[PDB]
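Presented as structure tokens, the chain that follows is alone, the form deposited in one PDB entry.
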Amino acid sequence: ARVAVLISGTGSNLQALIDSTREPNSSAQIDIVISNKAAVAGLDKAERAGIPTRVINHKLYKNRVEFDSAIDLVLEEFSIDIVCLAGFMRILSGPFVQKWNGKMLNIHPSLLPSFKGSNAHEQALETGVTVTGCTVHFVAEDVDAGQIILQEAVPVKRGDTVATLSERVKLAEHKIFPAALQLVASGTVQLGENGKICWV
């Protein structure tokens, strides 16, 4: 499977995906990395790995549909089978999501359905859980609500900040995101007809 990774930041999830897709029995290859922001370290990481990049600045488009269409043009340009959202910070429109249904994965730093949204660590700390985690899910129109592929629990330590908890959860993300990509890229896991996760 030919894979696109969309990013908006540092790209530590991108990095773990690069490393894993290049291990010997991989069913996936990363052929493009697209950022919606310029000068993010995730772009340098892509280039240092010899992977093409594109910056599609979301602020240059009048609405979501048009920004998403520009992204889709690059995806078709590169003949992409699977899209991975790895720290990508834009909610995608219905038509984009519908087109990419069953072929787009996201990594989210909580155990869904808890702590949906972009500030999950802040929510976890405020709520006082002693256990949080991360989730790889298929992307649905409903934000952070698509079908769950993998999850990994991560403890919250007394006196954690957003930063310390965030780093602990990243360590788990770097394991399940590559394992989940490999599940989809091979036969193994698909979004079935009945809209549910199916293990072939």
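In this text, residue numbers run from 1 along the sequence as written. For clarity, a rigid core is taken as the largest C-alpha set superposing within 1.5 Å between two forms.
The next section is about a form of this same protein that is not shown, the form deposited in another entry.
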Core-aligned CA displacement of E152 at least 2 Å between the shown form and the other one: no
Per-residue C-alpha change between the shown form and the other one, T161, threshold 2 Å, rigid core fit: yes
Rigid core fit then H58 CA moved by 2 Å or more between the shown form and the other one: yes
